[PDB]
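One file, coords.cif, is given below (mmCIF, N, CA and C atoms).
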```
data_input
#
loop_
_atom_site.label_atom_id
_atom_site.label_comp_id
_atom_site.auth_asym_id
_atom_site.auth_seq_id
_atom_site.Cartn_x
_atom_site.Cartn_y
_atom_site.Cartn_z
N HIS A 207 130.02 33.42 -135.48
CA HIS A 207 130.78 33.73 -134.30
C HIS A 207 131.58 32.50 -133.98
N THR A 208 132.85 32.69 -133.55
CA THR A 208 133.70 31.59 -133.20
C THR A 208 134.65 32.04 -132.12
N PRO A 209 135.15 31.10 -131.36
CA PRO A 209 136.16 31.43 -130.39
C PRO A 209 137.48 31.54 -131.10
N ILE A 210 138.45 32.31 -130.56
CA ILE A 210 139.75 32.45 -131.17
C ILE A 210 140.76 32.74 -130.09
N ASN A 211 142.07 32.69 -130.44
CA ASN A 211 143.09 32.98 -129.47
C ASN A 211 144.17 33.84 -130.09
N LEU A 212 143.96 34.39 -131.32
CA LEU A 212 145.03 35.13 -131.94
C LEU A 212 144.49 36.35 -132.64
N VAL A 213 145.11 37.53 -132.39
CA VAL A 213 144.79 38.80 -133.00
C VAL A 213 145.33 38.96 -134.40
N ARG A 214 146.60 38.55 -134.59
CA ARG A 214 147.44 38.81 -135.74
C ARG A 214 146.99 38.20 -137.04
N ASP A 215 146.40 37.00 -137.06
CA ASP A 215 146.06 36.45 -138.34
C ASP A 215 144.69 35.83 -138.27
N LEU A 216 144.06 35.61 -139.44
CA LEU A 216 142.80 34.94 -139.54
C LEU A 216 143.07 33.46 -139.44
N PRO A 217 142.14 32.71 -138.92
CA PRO A 217 142.36 31.30 -138.71
C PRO A 217 142.34 30.46 -139.94
N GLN A 218 143.19 29.42 -139.97
CA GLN A 218 143.14 28.52 -141.08
C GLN A 218 142.22 27.43 -140.64
N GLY A 219 140.91 27.66 -140.83
CA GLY A 219 139.89 26.71 -140.45
C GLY A 219 138.66 27.13 -141.19
N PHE A 220 137.67 26.22 -141.35
CA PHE A 220 136.53 26.54 -142.16
C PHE A 220 135.25 26.51 -141.37
N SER A 221 134.42 27.57 -141.53
CA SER A 221 133.12 27.66 -140.92
C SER A 221 132.30 28.62 -141.74
N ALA A 222 131.11 28.19 -142.22
CA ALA A 222 130.28 29.01 -143.07
C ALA A 222 129.50 30.01 -142.26
N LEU A 223 129.08 31.13 -142.91
CA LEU A 223 128.33 32.19 -142.27
C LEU A 223 126.87 32.03 -142.61
N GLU A 224 125.96 32.31 -141.63
CA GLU A 224 124.54 32.10 -141.83
C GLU A 224 123.77 33.40 -141.79
N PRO A 225 122.75 33.47 -142.62
CA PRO A 225 121.92 34.64 -142.86
C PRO A 225 121.09 35.20 -141.73
N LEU A 226 121.43 36.43 -141.25
CA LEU A 226 120.66 37.22 -140.32
C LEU A 226 119.66 38.16 -140.95
N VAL A 227 120.04 38.83 -142.07
CA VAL A 227 119.25 39.88 -142.66
C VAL A 227 119.03 39.59 -144.12
N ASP A 228 117.82 39.92 -144.63
CA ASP A 228 117.50 39.71 -146.02
C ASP A 228 116.39 40.67 -146.36
N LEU A 229 116.71 41.97 -146.54
CA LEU A 229 115.69 42.96 -146.79
C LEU A 229 115.76 43.45 -148.21
N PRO A 230 114.59 43.69 -148.74
CA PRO A 230 114.35 44.17 -150.08
C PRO A 230 114.54 45.66 -150.21
N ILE A 231 115.52 46.26 -149.51
CA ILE A 231 115.73 47.68 -149.45
C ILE A 231 115.94 48.31 -150.80
N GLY A 232 116.70 47.68 -151.72
CA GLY A 232 116.78 48.22 -153.05
C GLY A 232 117.91 49.22 -153.18
N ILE A 233 118.53 49.64 -152.06
CA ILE A 233 119.60 50.59 -152.16
C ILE A 233 120.84 49.86 -152.59
N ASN A 234 121.55 50.41 -153.61
CA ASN A 234 122.77 49.83 -154.11
C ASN A 234 123.88 50.23 -153.18
N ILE A 235 124.98 49.44 -153.11
CA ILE A 235 126.05 49.80 -152.21
C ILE A 235 127.39 49.80 -152.90
N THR A 236 127.95 51.02 -153.09
CA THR A 236 129.27 51.30 -153.60
C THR A 236 130.33 51.42 -152.53
N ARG A 237 130.01 51.96 -151.32
CA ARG A 237 131.05 52.23 -150.35
C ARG A 237 130.56 52.03 -148.94
N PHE A 238 131.49 51.96 -147.95
CA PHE A 238 131.08 51.78 -146.57
C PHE A 238 132.18 52.24 -145.64
N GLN A 239 131.86 52.35 -144.32
CA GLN A 239 132.82 52.73 -143.31
C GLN A 239 132.46 52.04 -142.03
N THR A 240 133.47 51.70 -141.19
CA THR A 240 133.23 50.98 -139.96
C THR A 240 132.94 51.92 -138.83
N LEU A 241 132.19 51.42 -137.82
CA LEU A 241 131.86 52.16 -136.63
C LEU A 241 132.57 51.50 -135.49
N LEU A 242 133.30 52.30 -134.68
CA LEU A 242 134.08 51.77 -133.59
C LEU A 242 134.13 52.87 -132.55
N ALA A 243 134.02 52.53 -131.25
CA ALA A 243 133.95 53.51 -130.19
C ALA A 243 135.30 53.98 -129.73
N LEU A 244 135.38 55.24 -129.25
CA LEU A 244 136.61 55.79 -128.74
C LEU A 244 136.51 55.96 -127.25
N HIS A 245 137.58 55.64 -126.51
CA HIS A 245 137.45 55.76 -125.09
C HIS A 245 137.91 57.12 -124.64
N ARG A 246 137.34 57.60 -123.52
CA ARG A 246 137.83 58.82 -122.94
C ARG A 246 137.73 58.66 -121.46
N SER A 247 138.58 59.38 -120.72
CA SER A 247 138.60 59.29 -119.29
C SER A 247 139.21 60.56 -118.78
N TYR A 248 139.46 60.61 -117.46
CA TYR A 248 140.02 61.78 -116.84
C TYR A 248 141.36 62.02 -117.44
N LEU A 249 142.06 60.94 -117.83
CA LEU A 249 143.36 61.06 -118.42
C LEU A 249 143.26 61.82 -119.71
N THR A 250 142.24 61.53 -120.54
CA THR A 250 142.16 62.17 -121.83
C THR A 250 141.64 63.56 -121.67
N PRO A 251 141.96 64.39 -122.63
CA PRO A 251 141.49 65.74 -122.65
C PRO A 251 140.01 65.75 -122.86
N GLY A 252 139.46 64.69 -123.48
CA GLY A 252 138.04 64.58 -123.63
C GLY A 252 137.56 65.46 -124.74
N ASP A 253 138.45 66.16 -125.46
CA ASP A 253 137.98 67.01 -126.52
C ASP A 253 137.33 66.12 -127.53
N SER A 254 136.25 66.60 -128.18
CA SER A 254 135.59 65.77 -129.14
C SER A 254 136.51 65.53 -130.31
N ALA B 831 117.21 -1.60 -156.01
CA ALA B 831 117.05 -3.03 -156.06
C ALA B 831 115.78 -3.42 -155.37
N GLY B 832 115.24 -4.60 -155.74
CA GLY B 832 114.04 -5.09 -155.13
C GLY B 832 113.02 -4.04 -155.32
N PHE B 833 112.66 -3.78 -156.59
CA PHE B 833 111.83 -2.67 -156.96
C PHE B 833 110.49 -2.72 -156.32
N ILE B 834 110.42 -2.21 -155.09
CA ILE B 834 109.19 -2.03 -154.40
C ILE B 834 109.37 -0.70 -153.74
N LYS B 835 108.45 0.25 -154.01
CA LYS B 835 108.55 1.53 -153.38
C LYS B 835 107.22 1.82 -152.80
N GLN B 836 107.15 2.06 -151.48
CA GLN B 836 105.89 2.39 -150.90
C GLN B 836 105.73 3.86 -151.09
N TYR B 837 104.53 4.23 -151.53
CA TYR B 837 104.15 5.58 -151.78
C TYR B 837 104.25 6.34 -150.48
N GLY B 838 103.77 5.74 -149.38
CA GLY B 838 103.87 6.35 -148.08
C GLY B 838 105.33 6.47 -147.76
N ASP B 839 106.16 5.59 -148.33
CA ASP B 839 107.55 5.57 -147.97
C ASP B 839 108.15 6.90 -148.18
N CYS B 840 107.89 7.58 -149.32
CA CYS B 840 108.55 8.82 -149.23
C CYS B 840 107.87 9.74 -148.23
N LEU B 841 106.68 10.43 -148.46
CA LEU B 841 105.76 11.47 -147.87
C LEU B 841 106.38 12.73 -147.14
N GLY B 842 106.56 14.03 -147.69
CA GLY B 842 107.28 15.31 -147.17
C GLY B 842 108.63 16.04 -147.83
N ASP B 843 109.89 15.79 -147.28
CA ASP B 843 111.37 15.71 -147.13
C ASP B 843 112.24 14.66 -147.82
N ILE B 844 112.00 13.39 -147.47
CA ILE B 844 112.73 12.17 -147.63
C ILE B 844 112.90 11.84 -149.04
N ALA B 845 112.04 12.40 -149.90
CA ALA B 845 112.15 12.08 -151.29
C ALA B 845 113.54 12.37 -151.72
N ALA B 846 114.19 13.31 -151.03
CA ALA B 846 115.49 13.83 -151.34
C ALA B 846 116.49 12.78 -151.21
N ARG B 847 116.38 11.99 -150.15
CA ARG B 847 117.43 11.04 -150.10
C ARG B 847 117.22 10.09 -151.21
N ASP B 848 115.95 9.73 -151.45
CA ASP B 848 115.73 8.71 -152.42
C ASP B 848 115.56 9.32 -153.79
N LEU B 849 116.64 9.27 -154.60
CA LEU B 849 116.61 9.79 -155.93
C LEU B 849 115.60 9.05 -156.72
N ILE B 850 115.49 7.73 -156.47
CA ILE B 850 114.60 6.91 -157.24
C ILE B 850 113.21 7.44 -157.05
N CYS B 851 112.82 7.76 -155.79
CA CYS B 851 111.51 8.30 -155.52
C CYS B 851 111.37 9.58 -156.26
N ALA B 852 112.42 10.42 -156.21
CA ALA B 852 112.35 11.71 -156.83
C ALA B 852 112.01 11.50 -158.27
N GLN B 853 112.62 10.49 -158.92
CA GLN B 853 112.29 10.24 -160.30
C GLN B 853 110.87 9.76 -160.38
N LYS B 854 110.42 8.99 -159.38
CA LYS B 854 109.10 8.43 -159.42
C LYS B 854 108.09 9.54 -159.48
N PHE B 855 108.29 10.64 -158.73
CA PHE B 855 107.38 11.76 -158.81
C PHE B 855 107.35 12.22 -160.23
N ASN B 856 108.57 12.20 -160.76
CA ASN B 856 109.12 12.85 -161.89
C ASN B 856 108.55 12.54 -163.23
N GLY B 857 107.77 11.46 -163.40
CA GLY B 857 107.24 11.18 -164.70
C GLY B 857 108.06 10.05 -165.20
N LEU B 858 109.34 10.05 -164.81
CA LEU B 858 110.24 9.00 -165.17
C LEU B 858 110.01 7.89 -164.20
N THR B 859 110.05 6.64 -164.68
CA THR B 859 109.89 5.56 -163.76
C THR B 859 110.81 4.45 -164.16
N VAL B 860 111.47 3.84 -163.16
CA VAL B 860 112.24 2.67 -163.44
C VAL B 860 111.25 1.55 -163.40
N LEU B 861 111.39 0.57 -164.32
CA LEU B 861 110.53 -0.58 -164.32
C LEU B 861 111.38 -1.74 -163.90
N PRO B 862 110.89 -2.55 -162.99
CA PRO B 862 111.62 -3.68 -162.49
C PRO B 862 111.93 -4.64 -163.60
N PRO B 863 113.05 -5.32 -163.52
CA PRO B 863 113.41 -6.30 -164.51
C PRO B 863 112.51 -7.49 -164.37
N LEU B 864 112.25 -8.21 -165.48
CA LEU B 864 111.38 -9.35 -165.45
C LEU B 864 111.98 -10.35 -164.52
N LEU B 865 113.32 -10.49 -164.56
CA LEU B 865 113.98 -11.38 -163.66
C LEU B 865 114.41 -10.53 -162.50
N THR B 866 113.94 -10.85 -161.28
CA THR B 866 114.30 -10.07 -160.13
C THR B 866 115.69 -10.45 -159.75
N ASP B 867 116.28 -9.69 -158.80
CA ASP B 867 117.63 -9.91 -158.37
C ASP B 867 117.69 -11.31 -157.83
N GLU B 868 116.63 -11.75 -157.15
CA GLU B 868 116.60 -13.08 -156.62
C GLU B 868 116.57 -14.07 -157.76
N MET B 869 115.73 -13.83 -158.79
CA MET B 869 115.63 -14.76 -159.88
C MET B 869 116.91 -14.80 -160.64
N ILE B 870 117.55 -13.64 -160.84
CA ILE B 870 118.78 -13.62 -161.57
C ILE B 870 119.77 -14.45 -160.82
N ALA B 871 119.78 -14.33 -159.48
CA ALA B 871 120.70 -15.07 -158.67
C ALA B 871 120.46 -16.53 -158.88
N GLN B 872 119.18 -16.94 -158.98
CA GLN B 872 118.87 -18.33 -159.19
C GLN B 872 119.38 -18.74 -160.55
N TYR B 873 119.20 -17.89 -161.59
CA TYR B 873 119.66 -18.23 -162.91
C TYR B 873 121.15 -18.31 -162.99
N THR B 874 121.85 -17.32 -162.40
CA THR B 874 123.28 -17.32 -162.42
C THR B 874 123.75 -18.54 -161.70
N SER B 875 123.03 -18.92 -160.62
CA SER B 875 123.35 -20.11 -159.89
C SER B 875 123.09 -21.31 -160.75
N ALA B 876 122.02 -21.27 -161.57
CA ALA B 876 121.70 -22.40 -162.42
C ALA B 876 122.80 -22.58 -163.42
N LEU B 877 123.25 -21.48 -164.03
CA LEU B 877 124.28 -21.52 -165.02
C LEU B 877 125.53 -22.05 -164.37
N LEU B 878 125.87 -21.49 -163.20
CA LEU B 878 127.07 -21.83 -162.50
C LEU B 878 127.03 -23.27 -162.05
N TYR C 495 89.07 72.83 -150.17
CA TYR C 495 87.75 73.17 -150.59
C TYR C 495 86.78 72.88 -149.46
N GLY C 496 85.48 73.14 -149.69
CA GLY C 496 84.44 72.97 -148.69
C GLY C 496 84.28 71.53 -148.29
N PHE C 497 84.93 71.22 -147.16
CA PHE C 497 85.21 70.09 -146.31
C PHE C 497 83.98 69.66 -145.55
N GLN C 498 82.88 70.43 -145.60
CA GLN C 498 81.71 70.26 -144.77
C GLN C 498 81.02 68.93 -144.92
N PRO C 499 80.55 68.44 -143.79
CA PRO C 499 79.82 67.19 -143.68
C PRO C 499 78.42 67.27 -144.23
N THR C 500 77.88 68.49 -144.40
CA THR C 500 76.54 68.73 -144.86
C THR C 500 76.38 68.33 -146.30
N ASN C 501 77.45 68.45 -147.11
CA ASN C 501 77.38 68.26 -148.53
C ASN C 501 77.07 66.84 -148.92
N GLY C 502 76.54 66.68 -150.15
CA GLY C 502 76.20 65.39 -150.70
C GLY C 502 77.49 64.70 -151.06
N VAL C 503 77.42 63.37 -151.26
CA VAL C 503 78.52 62.47 -151.44
C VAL C 503 79.40 62.83 -152.59
N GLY C 504 78.83 63.36 -153.69
CA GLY C 504 79.70 63.64 -154.79
C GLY C 504 80.69 64.74 -154.48
N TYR C 505 80.17 65.93 -154.12
CA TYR C 505 80.89 67.15 -153.86
C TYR C 505 81.56 67.15 -152.51
N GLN C 506 80.95 66.43 -151.54
CA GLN C 506 81.38 66.29 -150.17
C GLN C 506 82.84 65.91 -150.12
N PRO C 507 83.44 66.01 -148.96
CA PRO C 507 84.83 65.66 -148.80
C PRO C 507 85.05 64.19 -148.97
N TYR C 508 86.31 63.78 -149.20
CA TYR C 508 86.52 62.44 -149.66
C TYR C 508 87.08 61.53 -148.65
N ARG C 509 86.27 60.56 -148.21
CA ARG C 509 86.89 59.54 -147.44
C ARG C 509 87.42 58.58 -148.46
N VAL C 510 88.52 58.93 -149.17
CA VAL C 510 89.20 57.96 -149.99
C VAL C 510 90.67 57.97 -150.17
N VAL C 511 91.22 56.72 -150.30
CA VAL C 511 92.56 56.42 -150.67
C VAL C 511 92.62 55.34 -151.74
N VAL C 512 93.83 55.15 -152.34
CA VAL C 512 94.13 54.14 -153.34
C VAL C 512 95.48 53.54 -153.04
N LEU C 513 95.72 52.27 -153.44
CA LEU C 513 97.00 51.66 -153.19
C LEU C 513 97.30 50.66 -154.26
N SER C 514 98.60 50.40 -154.46
CA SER C 514 99.00 49.38 -155.38
C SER C 514 99.32 48.18 -154.55
N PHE C 515 98.62 47.08 -154.81
CA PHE C 515 99.04 45.82 -154.31
C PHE C 515 100.10 45.59 -155.28
N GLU C 516 99.76 46.13 -156.49
CA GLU C 516 100.24 46.35 -157.85
C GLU C 516 100.73 45.15 -158.57
N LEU C 517 100.44 45.07 -159.87
CA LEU C 517 100.72 43.93 -160.69
C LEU C 517 102.16 43.68 -161.07
N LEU C 518 102.97 44.73 -161.31
CA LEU C 518 104.27 44.53 -161.91
C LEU C 518 105.12 43.56 -161.15
N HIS C 519 105.76 42.63 -161.91
CA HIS C 519 106.61 41.66 -161.29
C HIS C 519 107.80 42.39 -160.79
N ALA C 520 108.17 42.12 -159.52
CA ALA C 520 109.29 42.77 -158.93
C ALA C 520 109.49 42.13 -157.59
N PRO C 521 110.52 42.53 -156.90
CA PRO C 521 110.79 41.97 -155.60
C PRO C 521 109.69 42.41 -154.70
N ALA C 522 109.45 41.72 -153.57
CA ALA C 522 108.25 42.16 -152.94
C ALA C 522 108.42 42.69 -151.55
N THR C 523 108.08 43.98 -151.38
CA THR C 523 108.06 44.60 -150.09
C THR C 523 106.85 44.07 -149.34
N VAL C 524 105.71 43.89 -150.06
CA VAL C 524 104.45 43.42 -149.53
C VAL C 524 103.67 42.74 -150.61
N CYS C 525 102.79 41.78 -150.22
CA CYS C 525 101.92 41.09 -151.14
C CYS C 525 100.60 40.84 -150.43
N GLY C 526 99.57 40.38 -151.18
CA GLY C 526 98.27 40.09 -150.62
C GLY C 526 98.38 38.85 -149.78
N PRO C 527 97.47 38.70 -148.84
CA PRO C 527 97.46 37.66 -147.83
C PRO C 527 97.39 36.27 -148.37
N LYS C 528 98.16 35.33 -147.79
CA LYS C 528 98.05 33.97 -148.21
C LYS C 528 97.13 33.27 -147.27
N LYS C 529 96.30 32.36 -147.81
CA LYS C 529 95.39 31.57 -147.03
C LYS C 529 96.12 30.32 -146.64
N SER C 530 95.53 29.49 -145.75
CA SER C 530 96.15 28.25 -145.37
C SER C 530 95.10 27.22 -145.08
N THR C 531 95.49 25.92 -145.17
CA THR C 531 94.60 24.81 -144.93
C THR C 531 95.17 23.99 -143.81
N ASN C 532 94.60 22.80 -143.58
CA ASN C 532 95.11 21.89 -142.59
C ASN C 532 96.28 21.18 -143.20
N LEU C 533 97.20 20.66 -142.36
CA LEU C 533 98.35 19.94 -142.83
C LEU C 533 97.94 18.50 -142.94
N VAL C 534 97.45 18.10 -144.13
CA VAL C 534 96.96 16.76 -144.30
C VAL C 534 98.10 15.85 -144.65
N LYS C 535 98.48 14.98 -143.70
CA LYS C 535 99.56 14.07 -143.90
C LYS C 535 99.05 12.73 -144.34
N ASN C 536 99.99 11.92 -144.87
CA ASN C 536 99.87 10.54 -145.25
C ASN C 536 99.04 10.36 -146.48
N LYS C 537 98.33 11.39 -146.95
CA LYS C 537 97.51 11.15 -148.11
C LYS C 537 98.20 11.76 -149.29
N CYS C 538 97.86 11.28 -150.51
CA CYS C 538 98.38 11.86 -151.71
C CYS C 538 97.63 13.14 -151.86
N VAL C 539 98.37 14.26 -151.96
CA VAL C 539 97.67 15.50 -151.96
C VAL C 539 98.47 16.53 -152.70
N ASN C 540 97.76 17.55 -153.23
CA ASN C 540 98.41 18.66 -153.85
C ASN C 540 98.83 19.53 -152.71
N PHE C 541 99.97 20.24 -152.83
CA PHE C 541 100.35 21.01 -151.68
C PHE C 541 101.10 22.23 -152.08
N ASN C 542 101.05 23.24 -151.19
CA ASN C 542 101.78 24.46 -151.34
C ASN C 542 102.36 24.77 -149.99
#
```

Transcribe the structure of this file into structure tokens.
Amino acid sequence: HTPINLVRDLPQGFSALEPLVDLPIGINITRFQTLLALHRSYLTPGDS
Amino acid sequence: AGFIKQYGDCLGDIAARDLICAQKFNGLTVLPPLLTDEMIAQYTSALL
Amino acid sequence: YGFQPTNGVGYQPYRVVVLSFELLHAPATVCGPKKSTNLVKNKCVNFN
């Protein structure tokens, strides 16, 4: 995690990432997809 | 230099900084010169 | 089959299970318990 001030590009600076998870799950990984929330309000139709 | 290594001197971690100690564990051992750095200095001084 | 408590141990129902701590070398989901000793410092000692 780092502080930043720009959306458009990745920073030209160096910081290593440290290990949170290390599980012996054994499942191979070919593909993936991101999870991101959608907003809805009175303005939106709210249809799923 | 000044080939004196206290066994307690390493004890744990620290062996890492001291490569010489690491070798000392190692089976490999540096043997001090017959003429110590001080003696060599005296000899070089004698010659000089 | 006849689950009854009256029956003798052979024929009687089975209070039994089996598990692999298992020998095959592989990554480990689980292993048998490790024992531990006191942390003996300052002395020359074998250690794990």

Which residues, named as in the file, does the PyMOL selection byres ((chain B) within 8 of (chain C)) pick out? Answer as a count of residues only.
4

Evaluate the PyMOL selection byres ((chain C and name CA) within 12 of (chain A and name CA)) and report residues as a PDB file with N, CA and C atoms, in the frame of the given file:
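The new file result00.pdb reads:
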```pdb
ATOM      1  N   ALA C 520     108.170  42.120-159.520  1.00  0.00           N
ATOM      2  CA  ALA C 520     109.290  42.770-158.930  1.00  0.00           C
ATOM      3  C   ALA C 520     109.490  42.130-157.590  1.00  0.00           C
ATOM      4  N   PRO C 521     110.520  42.530-156.900  1.00  0.00           N
ATOM      5  CA  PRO C 521     110.790  41.970-155.600  1.00  0.00           C
ATOM      6  C   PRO C 521     109.690  42.410-154.700  1.00  0.00           C
ATOM      7  N   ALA C 522     109.450  41.720-153.570  1.00  0.00           N
ATOM      8  CA  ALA C 522     108.250  42.160-152.940  1.00  0.00           C
ATOM      9  C   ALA C 522     108.420  42.690-151.550  1.00  0.00           C
ATOM     10  N   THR C 523     108.080  43.980-151.380  1.00  0.00           N
ATOM     11  CA  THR C 523     108.060  44.600-150.090  1.00  0.00           C
ATOM     12  C   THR C 523     106.850  44.070-149.340  1.00  0.00           C
ATOM     13  N   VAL C 524     105.710  43.890-150.060  1.00  0.00           N
ATOM     14  CA  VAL C 524     104.450  43.420-149.530  1.00  0.00           C
ATOM     15  C   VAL C 524     103.670  42.740-150.610  1.00  0.00           C
TER      16      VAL C 524
END
```

Taking all atoms of range 207-215 of chain A that appear in the file, build a box with edges along x, y and z, extend it by 4 Å on every side, and state its centre and edge lengths in Å to one decimal, as AutoDock Vina command-line options.
```
--center_x 138.7 --center_y 35.0 --center_z -133.9 --size_x 25.4 --size_y 15.9 --size_z 16.9
```

Expected answer as a count of residues only: all residues with atoms within 9 Å of (100.7, 22.9, -148.9), only C-alpha atoms:
9

Kindly give the distance, in Å, that separates atom C of residue 243 in chain A and CA of residue 216 in chain A, rounded to a single decimal.
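These atoms are spaced 22.7 Å apart.
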
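Atom to atom, CA of residue 529 in chain C and CA of residue 515 in chain C stand 16.4 Å apart.
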
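Taking atom N of residue 831 in chain B and atom C of residue 866 in chain B as endpoints, the distance between them is 9.7 Å.
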
Ground truth for the PyMOL selection byres (((chain B and resi 832-834 and name CA) around 8) and name CA), written as a PyMOL selection string:
chain B and resi 831+835-836+861-862+866-867

Tell me which protein, DNA and RNA residues are within 12 Å of residue 209 in chain A, counting only C-alpha atoms, leaving out same-chain ones fewer than 5 positions away, and put them as a PyMOL selection string.
chain A and resi 216-217+219+221

Start from the incomplete input, build N, CA, C and O atoms for range 495-507 of chain C, and deliver everything as a short mmCIF file (atom, residue, chain, number, x, y, z; two decimals), keeping the file's coordinate frame.
```
data_model
loop_
_atom_site.label_atom_id
_atom_site.label_comp_id
_atom_site.auth_asym_id
_atom_site.auth_seq_id
_atom_site.Cartn_x
_atom_site.Cartn_y
_atom_site.Cartn_z
N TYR C 495 89.07 72.83 -150.17
CA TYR C 495 87.75 73.17 -150.59
C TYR C 495 86.78 72.88 -149.46
O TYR C 495 87.20 72.50 -148.36
N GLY C 496 85.48 73.14 -149.69
CA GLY C 496 84.44 72.97 -148.69
C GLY C 496 84.28 71.53 -148.29
O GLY C 496 83.51 70.78 -148.88
N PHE C 497 84.93 71.22 -147.16
CA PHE C 497 85.21 70.09 -146.31
C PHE C 497 83.98 69.66 -145.55
O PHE C 497 84.03 68.69 -144.79
N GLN C 498 82.88 70.43 -145.60
CA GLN C 498 81.71 70.26 -144.77
C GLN C 498 81.02 68.93 -144.92
O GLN C 498 80.92 68.35 -145.99
N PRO C 499 80.55 68.44 -143.79
CA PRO C 499 79.82 67.19 -143.68
C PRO C 499 78.42 67.27 -144.23
O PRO C 499 77.82 66.22 -144.46
N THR C 500 77.88 68.49 -144.40
CA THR C 500 76.54 68.73 -144.86
C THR C 500 76.38 68.33 -146.30
O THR C 500 75.29 67.92 -146.71
N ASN C 501 77.45 68.45 -147.11
CA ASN C 501 77.38 68.26 -148.53
C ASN C 501 77.07 66.84 -148.92
O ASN C 501 77.25 65.90 -148.15
N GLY C 502 76.54 66.68 -150.15
CA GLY C 502 76.20 65.39 -150.70
C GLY C 502 77.49 64.70 -151.06
O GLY C 502 78.51 65.35 -151.25
N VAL C 503 77.42 63.37 -151.26
CA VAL C 503 78.52 62.47 -151.44
C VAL C 503 79.40 62.83 -152.59
O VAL C 503 80.60 62.55 -152.56
N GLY C 504 78.83 63.36 -153.69
CA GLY C 504 79.70 63.64 -154.79
C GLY C 504 80.69 64.74 -154.48
O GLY C 504 81.90 64.54 -154.56
N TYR C 505 80.17 65.93 -154.12
CA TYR C 505 80.89 67.15 -153.86
C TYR C 505 81.56 67.15 -152.51
O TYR C 505 82.57 67.83 -152.31
N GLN C 506 80.95 66.43 -151.54
CA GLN C 506 81.38 66.29 -150.17
C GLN C 506 82.84 65.91 -150.12
O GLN C 506 83.42 65.53 -151.13
N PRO C 507 83.44 66.01 -148.96
CA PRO C 507 84.83 65.66 -148.80
C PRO C 507 85.05 64.19 -148.97
O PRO C 507 84.10 63.41 -148.87
#
```
